[PDB]
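Novice: Here it is, the structure, as structure tokens.
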Amino acid sequence: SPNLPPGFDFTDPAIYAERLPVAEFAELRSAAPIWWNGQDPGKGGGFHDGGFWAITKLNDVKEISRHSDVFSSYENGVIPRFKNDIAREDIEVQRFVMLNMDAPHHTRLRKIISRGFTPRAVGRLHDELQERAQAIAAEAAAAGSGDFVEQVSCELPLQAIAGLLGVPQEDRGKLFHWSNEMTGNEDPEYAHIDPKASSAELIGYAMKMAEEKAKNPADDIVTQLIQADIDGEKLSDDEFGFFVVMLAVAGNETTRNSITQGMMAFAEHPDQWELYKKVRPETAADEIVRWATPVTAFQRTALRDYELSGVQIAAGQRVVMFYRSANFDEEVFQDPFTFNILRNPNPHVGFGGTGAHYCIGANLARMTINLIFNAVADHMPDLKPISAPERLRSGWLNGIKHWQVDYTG
Ligand code: HEM
Ligand SMILES: CCOC(=O)c1cc2cc(-c3ccncc3)ccc2n1CC1CCCCC1
């Protein structure tokens, strides 16, 4: 029924290198909110099961996220697209990080790692991130023009991870280098990167950091993570290393692409940009995340038969939650295609559907976004784009590689 091209794959990186398949996502919400996306032989992005169920409705995304007992993140990982020829064991490597664990293993890890995302712990970063956000902005304005991504979006998200982990200043340069080589392998601009090499360098440094803190324990997030709680629970040295590797991407290109596409949206909607500069509403962060949806989609795997909204899902089959579609569901949003930074409440799923795996760094991201746009307004309120943004070739990330901008006008 649904009017779609033969051979169409919603995880095809060819599409996302050009555009977002908004019209195609809308077609399914009307004609087939849960639609079997078949994949030709050898074109499964690393999965040889023949296709997956596209999930386009927000309520369906929420049901899958909260029914993590049926819909597993471990079985096949949550990334729904790699290079088609990727070895299976390269996919299973994901299972070493919390994102791709099921309960009970995931439950133990999440509980320990929560010590580093308490509201207090994130608040201690406000002043330092505000200071840097202002300086980044001032630095870019002085340049007159350049790559908005590298000059505005790139650094601060990484400074949040470093500050959260108490990484020494002199170490941050190489730490950022490694973190930025973790994803984007499919884009021709980054074909030469080896995410496996830089990850090993990341774990080696993180494990090194963990054994030093045990011998010289101070008050910071790293020490609380490697010390036994009242329950005797804590992160082993390697578990802390897989924690760092997870942050290096989970809080890197996600927050970055939200800053970029957030500024892109402000350029598209001058009314909203004048409004922001005057009142600086912090509800803008959630609207920027909904508008940007930096993670286009994560997948799950059904461990048993499951009926979801009148559609039979069979054990072993993959379901791909398309957050880019759920965040523009006409059923839950009044004018989903209206950029409204005052939108309140705003139940977007850019941080995922509520449930076990809901982004632990959601509020840190919100604060990063708010601090940097306040700085953009303070230091370059009349910036205008020079050329169209350059999109990233990815099957699940909605990335912006470059964006030329004039900060003077
Ligand atoms: C705009 C910024 C961000 C977006 C769009 C985003 C998106 C997401 C999504 C969709 C998930 C999976 C949710 C699910 O499976 O139900 C997730 C999980 C996660 N995020 Fe984020 N995230 C952002 C920022 C951050 C930051 C700044 C950090 C840390 C510094 C972070 C750390 C994590 C971690 C550790 C997980 C795994 C949680 C688990 O598996 O239990 N994220 N994020
Ligand atoms: C020992 C584990 O370390 C890794 O190898 C690794 C972890 C990881 C996590 C994310 C990630 C993505 C999104 N949201 C949060 C996290 C993306 C890529 C990742 N990789 C590299 C990649 C190399 C080979 C194929 C899969 C893994």
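Novice: Quick one: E307 ticks every box in (1) part of a strand (DSSP E or B); (2) crowded, with 19+ Cβ neighbours inside 10 Å; (3) of a type outside the set (S, T, N, Q); (4) more than 16 Å from ligand 2 (Cβ to nearest atom) bar one, so which box is it?
Specialist: Every listed condition holds for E307 apart from (2).
Novice: Hey, could you check region 50-77 for residues that are crowded, with 23+ Cβ neighbours inside 10 Å and aliphatic (A, V, I, L, M) and say which is nearest to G353 (Cα to Cα)?
Specialist: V61
Novice: Could you list, in sequence order, the residues of region 155-193 that are over 15 Å from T254 (Cβ atoms), among the small types (G, A, S) and in a helix (DSSP H, G or I)?
Specialist: Once the filter is applied, which keeps residues that are over 15 Å from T254 (Cβ atoms), among the small types (G, A, S) and in a helix (DSSP H, G or I), region 155-193 yields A162, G163, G173.
Novice: Could you go through region 134-145 and let me know if any residue there is among the polar types (S, T, N, Q) and not in a helix (DSSP H, G or I).
Specialist: Yes, that holds for at least one residue.
Novice: Being of a type in the set (S, T, N, Q) and not in a loop (DSSP other than H, G, I, E, B), is that true of even one residue in region 383-403?
Specialist: There is no residue in region 383-403 that is of a type in the set (S, T, N, Q) and not in a loop (DSSP other than H, G, I, E, B).
Novice: Something else now. Out of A250, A267, which single residue is farther than 22 Å from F148 by Cβ and of a type in the set (A, V, I, L, M)?
Specialist: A250
Novice: In addition: Which one of these does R124 not meet: (1) in contact (Cβ under 8 Å) with a residue 12 or more places away in the chain; (2) surrounded by 13 or more Cβ atoms within 10 Å (Cβ to Cβ); (3) away from ligand 2 (no atom under 16 Å from the Cβ)?
Specialist: Every condition holds for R124 apart from (1).
Novice: Given the condition more than 10 Å from ligand 1 (Cβ to nearest atom), within 30 Å of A284 (Cβ to Cβ) and out of contact with any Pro (no Cβ under 7 Å at 6 or more places or on another chain), answer yes or no: does some residue in region 225-235 qualify?
Specialist: no
Novice: Six or more apart or on different chains, Cβ atoms under 6 Å: show the pairs whose first residue is in region 238-255 and near ligand 1 (Cβ under 6 Å from one of its atoms) and whose second is of a type in the set (S, T, Y) and part of a helix (DSSP H, G or I).
Specialist: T255/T368
Novice: Show me the helices (runs of 4 or more DSSP H) entirely contained within region 30-113 in which 3 or more residues are within 13 Å of ligand 2 (Cβ to nearest atom) and within 21 Å of the chain's Cα centre (by Cα).
Specialist: Fully inside region 30-113 and qualifying: 88-92.
Novice: Condition first: more than 10 Å from ligand 2 (Cβ to nearest atom) and either among the acidic types (D, E) or crowded, with 20+ Cβ neighbours inside 10 Å (or both). Now tell me which residues in region 185-206 satisfy that.
Specialist: Passing the criteria: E186, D187, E189, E201, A206.
Novice: Mind checking which residues of region 259-270 are touching a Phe, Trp or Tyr at 6+ places or on another chain (Cβ under 9 Å) and either of a type outside the set (G, A, S) or crowded, with 17+ Cβ neighbours inside 10 Å (or both)?
Specialist: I259, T260, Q261, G262, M263, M264, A265, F266, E268, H269
Novice: Follow-up. Could you list all residues from region 112-124 that are more than 10 Å from ligand 1 (Cβ to nearest atom) and over 18 Å from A206 (Cα atoms)?
Specialist: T118, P119, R120, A121, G123, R124
Yes/no per residue for (1) surrounded by fewer than 14 Cβ atoms within 10 Å (Cβ to Cβ); (2) under 23 Å from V245 (Cα atoms); (3) hydrophobic (A, V, I, L, M, F, W, C):
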position: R115; (1), (2), (3): no, yes, no
position: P119; (1), (2), (3): yes, yes, no
position: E131; (1), (2), (3): yes, no, no
position: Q134; (1), (2), (3): no, no, no
position: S145; (1), (2), (3): no, no, no
position: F148; (1), (2), (3): no, no, yes
position: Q151; (1), (2), (3): no, no, no
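Novice: So how many residues does region 355-382 have that are more than 16 Å from ligand 2 (Cβ to nearest atom) and free of Cβ contacts under 8 Å to residues at least 60 places away in the same chain?
Specialist: Going through region 355-382 one residue at a time, the tally reaches 1.
Novice: Separate question: Taking into account only those residues within region 353-369 that are crowded, with 21+ Cβ neighbours inside 10 Å and touching a helix residue (DSSP H, G or I) at 6+ places or on another chain (Cβ under 6 Å), which is nearest to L164 (Cα to Cα)?
Specialist: The extreme case among them is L364.
Novice: Among the residues of region 279-295, are any touching a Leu at 6+ places or on another chain (Cβ under 8 Å) and within 16 Å of ligand 2 (Cβ to nearest atom)?
Specialist: Yes - at least one qualifying residue is present in region 279-295.
Novice: Test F328 against the criterion of being in a loop (DSSP other than H, G, I, E, B) and not basic (K, R), and give yes or no.
Specialist: Yes, satisfied.
Novice: Which condition does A214 not pass, out of (1) within 30 Å of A87 (Cβ to Cβ); (2) assigned to a helix (DSSP H, G or I); (3) without any contact (Cβ under 8 Å) to a residue 60 or more places away in the chain, if it passes all the others?
Specialist: That leaves (1) as the condition not met.
Novice: How do the pairs read when you match residues in region 323-336 that are over 21 Å from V78 (Cα atoms) and away from ligand 1 (no atom under 11 Å from the Cβ) with residues anywhere that are among the β-branched types (V, I, T) and part of a loop (DSSP other than H, G, I, E, B), using Cβ under 9 Å and keeping only pairs 6 or more apart or on different chains?
Specialist: Sorted first by the residue in region 323-336, then by its partner, the pairs are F328/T293; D329/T56.
Bear in mind that the values in this text are calculations on the coordinates, not laboratory data. Ideal geometry is used to build each Cβ from the backbone, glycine not excepted, and the neighbour counts take in all protein chains shown.
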